[PDB]
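Here is the structure we will look at.
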Amino acid sequence: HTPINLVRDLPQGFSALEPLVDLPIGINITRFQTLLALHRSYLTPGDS
Amino acid sequence: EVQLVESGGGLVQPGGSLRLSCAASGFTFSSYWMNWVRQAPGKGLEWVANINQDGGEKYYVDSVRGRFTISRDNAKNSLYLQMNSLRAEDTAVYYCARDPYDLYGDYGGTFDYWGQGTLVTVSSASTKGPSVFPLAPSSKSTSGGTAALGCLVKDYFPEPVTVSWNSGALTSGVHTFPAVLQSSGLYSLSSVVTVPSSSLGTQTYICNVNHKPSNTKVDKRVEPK
Amino acid sequence: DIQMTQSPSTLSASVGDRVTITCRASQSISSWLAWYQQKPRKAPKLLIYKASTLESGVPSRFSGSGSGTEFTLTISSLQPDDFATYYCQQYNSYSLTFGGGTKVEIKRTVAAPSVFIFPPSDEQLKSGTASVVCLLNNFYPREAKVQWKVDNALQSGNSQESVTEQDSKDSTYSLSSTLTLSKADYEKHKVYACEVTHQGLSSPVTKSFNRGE
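Residue numbers (PDB author numbering), protein chains in the order written: chain A, 207 to 254; chain O, 1 to 225; chain P, 1 to 213.
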């Protein structure tokens with residue numbers, strides 16, 4: 207995790223990643239999806 | 001006519017707050033991001049703040065972050081910028097411009113439409129009407145040559161000031177210099193015009209000074225010694 | 001963040017010539033650059049978007065190209081209308097940033113300034129201060145030097161100068177210099193002189209006056 211105020215796209219620069227955890231799922235996993243979050247504010251009625 | 005009119009500029013002391021507003025017309029206001037950009041005279045143009053079409057997402061430059069809040073009323077077709085803890089540095093002309101969608105990304109078009117601007121001045125000085133002194137024609141040359149005359153508008157705050165000659169009757173050869181902020185913190189400027197030496201005496205030259213903030217109006221006749 | 005640096009900061013070209021202003025980003029913006037034209041006191045107008053797309057209603061004389069980090073706005077045939085400051089901006093990433101701005105000016109033949117000197121009005125003296133004004137009228141190029149002499153003594157820190165925008169018709173510039181002094185100081189000395197040096201002048205022009213006379 208790094209703070210950035212850079213490119214909307216990934217900024218040019220070098221950073222390294224470190225291992226957090228190991229989970230033995232053991233699944234033949236073909237695909238993935240990203241879950242996004244919604245935000246409703248004061249202003250918004252929460253309507254979907 | 002896509003238009004954006006800004007209102008709310010003025011003189012403000014440090015620590016004060018103002019809210020400028022920009023009324024938009026000519027397009028579907030609700031569908032576009034609106035931004036506020038400022039041009040501080042010595043410095044350049046700077047991007048102050050942006051709001052998403054939905055009105056939720058809001059971004060600001062670091063300098064302004066606690067101080068300024070941008071908001072909008074779509075039904076109102078108005079955009080606002082409330083400022084707080086004004087500093088002398090915030091003095092600038094603020095323009096409301098219609099921005100492009102960030103989503104476009106690598107193909108961003110930039111700000112298509114811009115308003116005229118609202119001038120906000122942050123200074124401790126109070127409003128004060130100008131003194132107008134004549135700059136009488138002095139030349140060490142034969143007559144028939146050209147002569148220069150003008151008015152010295154001094155010690156007024158804040159900008160702007162309006163200068164006309166003969167009620168707009170005399171345009172040519174007129175130079176009204178940009179005002180300079182003096183050490184006092186007050187503004188001073190001079191307006192000059194070049195005329196034929198023959199015209200002195202025959203022609204009346206009246207400098208019209210109008211300073212709206214002070215609500216003062218002055219008509220000074222410039223005559224030769 | 002990204003910094004955009006334009007060059008040159010200022011340029012002067014003759015009508016019809018081709019002008020090329022460049023802008024250099026600190027890092028790759030990609031295509032995310034636009035250009036704006038700004039006239040004195042007026043709000044900026046968008047010339048180009050996505051580095052090379054002409055905004056609607058903008059004159060065809062203007063064009064913009066770019067690749068990598070470096071981008072250029074060219075004006076194929078300079079016109080008098082073109083006088084202005086031009087800015088590049090990168091929308092690529094936040095925060096949005098504008099370049100310093102390039103002021104373009106119409107190059108014309110050199111012109112010497114007419115010089116006038118104005119003594120303080122009697123009315124002004126009643127206040128505390130005396131303001132001596134020296135007008136430099138309709139000269140080109142913009143660079144002009146003004147020195148102030150009170151009984152042939154050089155002056156420093158008591159002067160302020162202002163310059164007008166390039167003239168619509170003339171394409172010339174004008175300048176005012178004001179020397180401010182106390183009433184007491186003013187009464188002290190006899191001769192007030194304004195010395196001017198300019199490209200246009202073969203010899204220095206000095207206009208002066210005597211205090212009582």
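Think of the CB as a built atom: it goes at the ideal place given N, C-alpha and C, for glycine as much as any other residue.
CA-to-CA distance, residue j to residue i, given in whole angstroms
i: P:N210; j: P:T129; result: 18 Å
i: P:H198; j: P:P120; result: 25 Å
i: O:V61; j: P:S159; result: 37 Å
i: P:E161; j: O:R67; result: 35 Å
i: P:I29; j: O:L103; result: 15 Å
i: P:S93; j: P:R18; result: 31 Å
i: O:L200; j: O:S183; result: 35 Å
i: A:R214; j: A:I231; result: 34 Å
i: O:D106; j: O:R19; result: 33 Å
i: residue 178 of chain A; j: O:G55; result: Lying before the first or after the last residue shown, residue 178 of chain A is absent from chain A, which here runs from 207 to 254.
i: O:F177; j: P:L136; result: 11 Å
i: P:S7; j: P:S65; result: 15 Å
i: A:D253; j: O:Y32; result: 21 Å
i: P:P59; j: P:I75; result: 10 Å
i: O:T121; j: A:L212; result: 32 Å
i: P:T22; j: A:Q218; result: 23 Å
i: P:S168; j: O:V5; result: 27 Å
i: O:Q3; j: O:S188; result: 33 Å
i: P:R41; j: O:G144; result: 37 Å
i: P:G57; j: O:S30; result: 24 Å
i: A:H245; j: O:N52; result: 13 Å
i: P:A153; j: O:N35; result: 53 Å
i: P:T69; j: A:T208; result: 25 Å
i: A:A243; j: O:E46; result: 32 Å
i: O:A24; j: P:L73; result: 30 Å
i: O:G15; j: O:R65; result: 15 Å
i: A:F238; j: A:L229; result: 16 Å
i: P:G101; j: A:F220; result: 32 Å
Anticipated Cβ contact below 8 Å, residue i with residue j, distance rounded
i: residue 233 of chain O; j: O:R98; result: Only positions 1 to 225 of chain O appear in this structure, which leaves residue 233 of chain O out of reach.
i: O:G44; j: P:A34; result: At roughly 15 Å, the Cβ-Cβ gap does not stay under 8 Å, so O:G44 and P:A34 are not in contact.
i: O:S138; j: P:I117; result: 6 Å
i: P:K103; j: P:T10; result: 5 Å
i: P:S176; j: P:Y192; result: Incorrect: roughly 15 Å between the Cβ atoms, too far for contact.
i: P:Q166; j: P:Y86; result: With a Cβ gap of about 15 Å, P:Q166 and P:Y86 do not count as contacting.
i: O:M83; j: O:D90; result: 7 Å
6 Å CB neighbourhood of residue i in its chain, flanking five on each side removed
i: O:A125; result: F157, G185
i: P:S77; result: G16, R61
i: O:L119; result: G9, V93
i: P:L179; result: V132, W148, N158, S159
i: O:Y95; result: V37, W114, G115, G117
i: O:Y59; result: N50
i: O:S63; result: none
i: P:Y91; result: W32
Sequence-distant residues of its chain with Cβ nearer than 7 Å to residue i (five each side left out)
i: P:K190; result: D151, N210, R211
i: O:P134; result: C151, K220, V222
i: P:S31; result: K50, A51
i: O:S214; result: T127, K128, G129, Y156
i: residue 242 of chain O; result: The requested residue 242 of chain O is not part of the displayed model; chain O covers only 1 to 225.
i: P:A84; result: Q37, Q38, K39, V104
i: P:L46; result: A34, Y36, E55
Residue(s) in a DSSP beta bridge with residue i
i: O:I206; result: O:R221
i: P:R24; result: P:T5, P:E70
i: O:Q3; result: O:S25
i: O:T91; result: According to DSSP, which records beta bridges pairwise, O:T91 is partnered with nothing at all.
i: P:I48; result: P:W35, P:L54
i: P:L201; result: P:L201 pairs with nothing; no bridge assigned.
i: O:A97; result: O:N35, O:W114
i: P:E195; result: P:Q147, P:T206
i: O:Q13; result: Its beta-bridge partners do not exist; DSSP assigns none.
i: O:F68; result: The partner list for O:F68 (beta bridge, DSSP) is empty, contrary to what the question assumes.
i: P:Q160; result: P:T178
i: O:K58; result: O:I51
i: P:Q166; result: None; P:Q166 has no bridge partner.
i: P:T10; result: P:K103
i: O:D73; result: O:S78
i: P:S30; result: None, per the DSSP bridge assignment.
Cut-off 8 Å between Cβ atoms - residues of its own chain near residue i, not counting five sequence neighbours on either side
i: P:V110; result: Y140, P141, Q199, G200
i: O:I206; result: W165, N166, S167, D219, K220, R221, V222
i: residue 226 of chain P; result: In the structure as shown, chain P begins at 1 and stops at 213. Residue 226 of chain P is therefore absent and cannot be evaluated.
i: O:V174; result: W165, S191, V192, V193
i: P:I106; result: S12, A13, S14, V15, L78, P80, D82, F83, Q166, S171
i: P:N138; result: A111, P113, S114, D167, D170, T172, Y173, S174
Check: residue i C-beta below 8 Å from any heavy atom of the ligand GDP
i: O:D62; result: What this structure holds is no ligand at all, so the ligand GDP is not there to describe.
#### Entry: Whole runs of the alpha helix (DSSP H) within the region 55 to 138 of chain P, excluding any shorter than 4 residues
Complete alpha helix (DSSP H) runs here, min 4: 122 to 125.
### Task
Within the region 104 to 154 of chain O, note down every full beta strand (DSSP E) run reaching 3 residues or more, in order along the chain.
Taken in chain order, the unbroken stretches of beta strand (DSSP E) that lie wholly in the region 104 to 154 of chain O and span 3 residues or more are 118 to 122, 131 to 135.
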